[PDB]
Amino acid sequence: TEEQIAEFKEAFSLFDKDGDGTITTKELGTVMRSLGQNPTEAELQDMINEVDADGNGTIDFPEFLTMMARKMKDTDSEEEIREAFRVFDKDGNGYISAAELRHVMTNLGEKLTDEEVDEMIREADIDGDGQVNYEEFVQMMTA
Amino acid sequence: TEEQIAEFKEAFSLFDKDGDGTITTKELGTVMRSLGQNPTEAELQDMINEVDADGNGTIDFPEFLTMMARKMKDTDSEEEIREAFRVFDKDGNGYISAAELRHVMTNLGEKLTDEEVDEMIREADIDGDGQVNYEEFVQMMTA
Amino acid sequence: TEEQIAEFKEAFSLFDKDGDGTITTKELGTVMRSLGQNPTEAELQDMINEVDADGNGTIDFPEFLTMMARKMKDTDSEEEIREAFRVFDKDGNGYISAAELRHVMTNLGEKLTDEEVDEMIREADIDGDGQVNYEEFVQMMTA
Amino acid sequence: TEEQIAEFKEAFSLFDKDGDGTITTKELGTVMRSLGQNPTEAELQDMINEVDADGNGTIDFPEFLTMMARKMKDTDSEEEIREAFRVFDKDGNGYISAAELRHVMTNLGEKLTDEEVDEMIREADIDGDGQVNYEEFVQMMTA
Amino acid sequence: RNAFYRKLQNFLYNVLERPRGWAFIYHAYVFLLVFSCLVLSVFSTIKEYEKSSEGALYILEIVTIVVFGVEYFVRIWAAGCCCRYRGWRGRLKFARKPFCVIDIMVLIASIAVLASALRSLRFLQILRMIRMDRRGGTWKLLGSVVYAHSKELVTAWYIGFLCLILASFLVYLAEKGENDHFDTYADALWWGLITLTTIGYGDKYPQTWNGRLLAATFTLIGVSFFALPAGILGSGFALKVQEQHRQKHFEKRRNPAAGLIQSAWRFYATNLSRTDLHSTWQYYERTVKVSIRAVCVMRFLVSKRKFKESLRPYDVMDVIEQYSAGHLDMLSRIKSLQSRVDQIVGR
Amino acid sequence: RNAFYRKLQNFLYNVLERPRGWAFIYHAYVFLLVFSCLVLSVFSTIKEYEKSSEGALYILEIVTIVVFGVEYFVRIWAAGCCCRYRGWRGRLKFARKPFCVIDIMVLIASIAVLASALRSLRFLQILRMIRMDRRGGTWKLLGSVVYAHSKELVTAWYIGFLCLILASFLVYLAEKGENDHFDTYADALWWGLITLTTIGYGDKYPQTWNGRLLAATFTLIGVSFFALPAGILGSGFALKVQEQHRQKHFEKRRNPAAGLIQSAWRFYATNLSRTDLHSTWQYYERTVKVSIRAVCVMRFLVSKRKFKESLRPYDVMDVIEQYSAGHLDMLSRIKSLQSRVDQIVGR
Amino acid sequence: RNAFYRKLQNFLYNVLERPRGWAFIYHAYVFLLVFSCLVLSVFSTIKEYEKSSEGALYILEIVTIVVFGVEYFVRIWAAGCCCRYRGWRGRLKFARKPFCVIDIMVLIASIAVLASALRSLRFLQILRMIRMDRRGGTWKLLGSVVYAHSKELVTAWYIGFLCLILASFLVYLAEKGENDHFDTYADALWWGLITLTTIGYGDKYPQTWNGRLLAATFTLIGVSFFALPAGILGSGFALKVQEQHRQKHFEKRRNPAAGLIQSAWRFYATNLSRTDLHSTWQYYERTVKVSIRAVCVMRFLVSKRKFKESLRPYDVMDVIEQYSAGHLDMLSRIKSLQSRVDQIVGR
Amino acid sequence: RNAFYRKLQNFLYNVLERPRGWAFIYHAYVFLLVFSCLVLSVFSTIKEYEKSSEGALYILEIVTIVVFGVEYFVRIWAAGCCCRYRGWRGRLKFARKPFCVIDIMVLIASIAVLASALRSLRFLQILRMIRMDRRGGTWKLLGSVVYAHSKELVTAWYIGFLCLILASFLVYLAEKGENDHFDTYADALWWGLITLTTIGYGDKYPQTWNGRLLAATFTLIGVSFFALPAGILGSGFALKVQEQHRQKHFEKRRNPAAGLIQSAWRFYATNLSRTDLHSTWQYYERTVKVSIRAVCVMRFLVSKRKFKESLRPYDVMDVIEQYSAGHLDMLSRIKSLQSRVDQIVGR
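Residues numbered from 1 in each chain as written, not as in the entry; some residues may be left out. Chains lettered and ligands numbered in written order. Heavy atoms only, no water.

The name given to chain E in the PDB entry is Potassium voltage-gated channel subfamily KQT member 2, with Homo sapiens as the source organism. Here the entry title, as the record gives it, is "Human KCNQ2-CaM complex in the presence of PIP2".

As annotated in the PDB entry, chain A is Calmodulin-1 from Homo sapiens. Under the UniProt heading Sequence similarities, the entry covering chain A gives this text: "Belongs to the calmodulin family." (UniProt positions renumbered as here; feature names shortened; annotations may be inferred.)

Following this line, the structure appears as structure tokens:
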């Protein structure tokens, strides 16, 4: 809808600092610093490689619209998240305990707070018995 | 017997320093330092992993009672010591010289003095002919 | 011809500095420094090994004449340049894009200028459509 | 003979410095330093391992006498030297150039002087044509 | 008792669908069942054993159709474990899967047969014999190994075919006159194929001195050339198994996977799918809306890209890549240290 | 003379029980003996050679029963070399082990036979044929290699079975009318099994043009598919022995073993098993009771755990693990060096 | 539309000359054609099927000669994709290539035959059957693998031949009198060759007790020894393809190749082939004629030799060389750091 | 012309004794000669071809004895190339070597035969056939590979023998009554050996439904088990070839070898073997007699031992030992750097 288009245009404008019709690496680094995460030159190179496709060194508004308009039903990340779980599936049956999920969530990689990981576990398990099936955990929302 | 239970309770109490009902890492470190051996944080973590099973980070009295009261045959360490001999069994026949036993015992890892190595050589080899047999030693020591 | 022989003798004399009838390592080093590139002792050793065959540590005039008298075809470098282009033939079909050629050469190794690379692209491609056929290019050059 | 026994006894006595009836590591070190070469404790332990067989830590007189009583005939190094010359037999036919012999002799490991390698080439090659037969040299002398 | 319901459902799906361990036992039994029926059918082609074989085959057909029908029903029921296949639409979508369609049509065809069709019954057994794979796994593995060794296999077969042609022609020339076995070149070709393949029926063999001499000269070569493809394929299979063992021991991708899961949950929490998502919003506001959404989605996508780039660490790729990185890092470290010590000297 | 007594006892246990080197010779001889007996029994099934074969078999069975009985007795006696199998109780416990029981019961059954039983004679012969394994070593090795290559073996056998079925059916259709060899589909299946396995009896073979054409097309594929399992298993065996060679040459566990032995003796000395132990107590008091006991127990436990962790040195695990350790400790080294040089600059 | 002309020409040269992917399809079809013709010729040797087979063979040979002629013409036309083969002289030089000459020779011979030549017909068929290689690739691969395993193959064949001779002689001695199969030692040798090769016609087999005993003892050995060469060659082929896979995955020579391309273009620019070359001359004059030429040729030579050195990155040599470089760099780094810190201490 | 004399002498020794390249050609020809004679001998066993075969065999034996005699003479002449086999005593010692003795014995035996001996003629043929090895190289290689795979080969043969016994017994029970092929258990064992070995004469085969069913069940297993040893040995041979290739490409022993040669010459020069040795003494005195001798012998000893230690470079141990040294050096470097920076800070 037009309201979401206006919201995305405002998001792009906030992304833009000098106002050259596009977003440069320095603007993304500055907003990341404002958030609290200090950027890296390799991180910005990855940013540019991931976002832009025509090879211009900047991020455009239509590119951001295409990026953010893809949901988990269009990301083709079903098998990807399946494999992400499977790497941690020591037994391979397809179950992981809640404590192990909390540990991996809040200790390794992009750590989060306790509340967010508990919410993740609750949403993953409709039954909420502490046992997570990755099939469902990637198929009832991520598919 | 109740006498050994009281002895182990006294041992635990001396083990405890702050008196929280358990044994913490720092108590182990200080008792080791007084004993003579300088501890290491990795060593402390390894020992804690050896002790606990419920995943709390401390040592409780029942575990110390139960684990310390077992005989050599209660840990299934037979194959372990057999392989330990086998590694140093260069020929594989099953014989080694007492001089090499003294060399390895008092020069590698947790070394000991001449008297202790002589005592273990004598006990392992009943006939006392210098040719110690691995299987006999492990059998009347572990089995 | 005699004029070309005189030109080559003048080139040798310019290379010659002390005037010992040959070219020494330091003469090559100083001419290269005059060009602008700072040479290395191992690089001068490689120079001599490439050119000098008798192993006397210097380059003489007949060896220089024989060295430069070999043209593209006589060099027998056909397979060398063919495989060099093959290594960058990711698909293996036998085509390479001009943009990839520039991004490769003008940024790594013996970097060139824009004019040199566009001249190369024009010369290699008789049609001149931005697609380079390495076999055609080398054959018309080294065959 | 008695004369050679007395000569070796004098050699041992000169080798001995403190006069303990044996040759110690420090005596080896000082004699090496007197020769001009600076020894190393690793080299000294290598010497002790090489000569001593009873594992006492020093070299005694009878061992020295027996060791010097052995010539090439009493070492069974025929295959050893055969393979040593084979390693540098690039073609494997059994011929090695005199120039390469001079290069390797005087620039690798325990290097010798140019005249000594010339003498070596002359002795090894009976014909003295510049082509040395490795089997010839290792059978005339070493065998 | 919904928990036990779903637990048993998942267990049944695991045992029937992709099996891991003792589940194979069940499948084996099913295979045995169908295999038995096939054998019985072969016994029913013989006139002497028609009575007993048909008697057993009626019961076995009833049993196997019962088993297959109940297995199909419980499989469609247990497909709910996969949330893609849940409810009316999910189960119908699963049943639309071509292989389940094959299963149901085989069931219906055999039921109709039970309600000159014996040949159709045998065709049904071979079809449900092909059915056991359910994935093309055997076909895919064979195809991959054959393609990897296509050049070597083609060399073996081509040289063996040339050897067969030459040996057959020469032995034919030797034996055309005084051996009724080699009446025409076709007979010689049949002989050469049967002997070089090592089958050696004995219906044809050289009986002259020329023929036997030539066959002796050519057999040591032809038998080896015709046995080559089996050896090439077997060695390739074993080497592939060994390499797969090493690679599966070299998974070493826990960190990218954990980062991917973290970023995925972060994106879902900041995603506008649910209005009850506030814990992640609080976390992101305390660490200082649409900008956070975009940056978190980008974190998810970059984690996915890293997940894909390193998705396949091989037996030899990992070591060489790691050592190249370590060596260049060591060069950078030494040059930086030299610069730092030079700066210290400058003081 | 107890020293020589126990030395000979240990030597006899080594040669009869687990053999290392030349001991195998003895076992080989024993095998030959039993094997000879087996062969003789076969010769006694033939009526013509029954007389001489049975005459020799009587002597050979007397000899083999004598040898087996004396070997059993001396093995049981030599078991005292093992402290577990010492004295009355240890001797009986050894005799309780299933294969010793099998040996004694075979001995008793053969003695009774020597005191229509020839069928039981040959059954005992095959049993004692199985006997000299005593470990399942051959069975265990075959099972491990088959399991490792189970998927490839199943692919080979499955595709070969499909090829056999198809070729048999098509050649049957070709030859059903004008070849008495292929009278029923069972005959065609027999022919296809014999041909594709390369046995080629020649009792059945196609004789029509279409039959021979189809057989020729299908044989090059089927023979390879049926020879595949042998090649897969042989290559797997060779690769397994190669990797075992590498690993055994990469044992490299001396330090954990020495630590384990040291800490084991330390724990025993601290433990109250014997009250005459005072040298270790003096050593521990000089290096400054129950607390020392517990700390030494924990030293022994950590040594055991390190031994177990290092118990898996493999051809590729060790190198990659050590390079990962090197990379991470070099990262720590460089960060520490950077901090130290920064501190130096601070001054 | 010269661009489309040359694009189609290059595509046709790729599909007909060295093919990469789906191009093989076309070749396969051509092969089938030729193969079909060959098969038809065999069917024409049989008197019964001579009529129909020859009727089909006439049409098939018209078709195959048409196809080969058009392929030859379009191949000679498409050789223009290679600058070495351009114009009258280039095309004529192409046609002089030995296999193109053989192709035209076979085409003309078949056309003449179509305008007792059936023997020549089949000979042309086998010649064009050999023609499909065009490189000796199969022969070269087989020769290389055989040479690599020459010692093992010779061992296998030599020991197998000794076993064959010994078994044949002993079975002959056993069966000379009581079996008409083994009338002479030549018959025994024929039997031994046929059985040890596993062909086993059944025309000769031992029928006495000693003959069968000796054959049984020698079969277990001889069959393995005669099957050895196939296993050796197959395992060698598989290992060779595995190492080729690893090496192609370890190309890692892009930087030398790019340096070579840059240096080659620069050297040409300095080369006086064209008088329009001034951009490179301007670049060289800015970076500050015959001396520039010589230095450019020197740079090109060093690039060529560096590419030659880096043109053999193997699976195992690369890692060892990289680690040798790393360790020597480590030693130099430590000694340099020690010297620098000593100098700092001297301050 | 002593130079040319010795050059030709060494060339002849190289071509006759261990040959490298084209020299093998000559040996091949000799082999062919002998082989031809052998073949002719077989043709002389047949009565029909006795005349022509013996006529050719007389000439061939004259030729081969002439060739062998001249080869023996020129070999004993070329032996002077080796310093050990020099002059009267050296060449007599060469002739004393057992294989030369066997050669001369065969030569004299053939000459005497040419001056009921046909049996001795063929026996001499087989003896000179065994003569072609001269080293046991084939036997040694086979023995090494078999011993390396002794456990796997024994597993294969043992399980295959059990399968053969069981299948033979069961098929015998099936077919004892209504098949004259299986009259006794010996006949069943013969059938099973000829079947599982895949020879399949066809003289015996099951003809009942029980026998054919059991044979079908047991064939798929037995044929694989009996083909296993060939696959194991072939794969082992190929893997050994691969590892030998790697090791020969990783000899990396030039520096120890050069040091060894230097120290050996130094030891000789210090040794009193020649009284003209004074230049080495001058060299040793310039760098400042019996003490110099002792130090030089000590240097030679250390060089020899280092050469011996480096004389076993294998594919996998090299890298592992190199990395062990590297990481221990890394730890020492970091600790030394820490100590040195601490010392710097102490100032």
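Overlaying chain G on chain E yields an RMSD of 0.3 Å, the required transformation being a rotation through 90 degrees with an accompanying axial translation of 0.1 Å. Viewed as a symmetry operation, the transformation between the two copies matches a four-fold axis. (Least-squares fit on C-alpha atoms.)

Now for a positive patch on the surface. A grouping of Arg 82 of chain B together with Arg 84, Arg 89, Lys 93 and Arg 96 of chain F is seen on the molecular surface, where their side chains present a positively charged patch. Take the positive patch: its biggest share by element is three residues, from helix α4 (residues 87-96) of chain F. Take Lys 93 of chain F: it is sitting in helix α4. (Patch = residues over 30% accessible without salt bridge, like charges linked within 9 Å, V, L, I, M, F, W, Y side chains within 5 Å. Areas by Shrake-Rupley, 256 points an atom, 1.4 Å probe, with all protein chains shown as cover. Salt bridge = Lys/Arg side-chain N within 4 Å of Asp/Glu carboxyl O. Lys, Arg positive; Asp, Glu negative; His and termini not counted. Charge placed at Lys NZ, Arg CZ, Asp CG, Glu CD. Helix = DSSP H or I, 4+ residues; strand = E, 2+ residues; numbered from the N terminus.)

Attention now moves to the side chain of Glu 17 of chain F. Residues and elements named next belong to chain F. Structurally, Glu 17 can be placed in the loop between α1 (2-16) and α2 (23-45). Taking the relative accessible area as the measure of exposure, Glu 17 reaches 9% and is therefore buried. Of note is the side chain of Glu 17, whose polar atom sits 2.7 Å from the side chain of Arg 134. Beyond its immediate sequence surroundings of up to four residues, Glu 17 is in contact with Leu 12, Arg 75, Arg 134 and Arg 135. (Buried < 20%, exposed > 50% of the residue type's maximum accessible area, 1.4 Å probe, protein only. Polar contact = N/O pair within 3.5 Å; in protein donor to acceptor, adjacent residues only side chain to side chain. Contact = heavy atoms within 4.5 Å.)

What follows concerns the interface of chain G and chain E. Contact with chain G, which involves 58 residues of that partner, is made by 60 residues of chain E. Summing both partners gives a buried area of about 4,900 Å² for chain G against chain E, and 70% of it is carried by carbon and sulfur. Seen at the junction of chain G and chain E, the total is four salt bridges. Put simply, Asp 342 of chain E and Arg 340 of chain G hold a salt bridge, and the shortest N to O gap is 2.3 Å. The tally of links between chain G and chain E comes to nine residue pairs in polar contact. At the level of secondary structure, the elements contributing two or more residues to the side of chain G that touches chain E comprise α2 (23-45), α6 (118-131), α7 (137-148), α9 (185-196), α10 (209-249) and α14 (317-346) of chain G. Of all the elements, α10 of chain G adds the most residues to the side of chain G that touches chain E, at 14 residues. Looking at the side of chain G that touches chain E, its residues break down into 31 nonpolar, 13 polar and 14 charged. (Buried area = accessible area lost by both parts, 1.4 Å probe. Nonpolar A, V, L, I, M, F, W, Y, C, P; charged D, E, K, R; others polar.)

Turning next to the UniProt feature "transmembrane region" in chain E. Taken from the UniProt record, the annotation "transmembrane region" applies to residues 22-44, 55-76, 95-114, 118-136, 149-174 and 209-235 of chain E. The span residues 55-76 of chain E is 100% helical and 0% strand by assignment, and the distance between its end C-alpha atoms comes to 32 Å.

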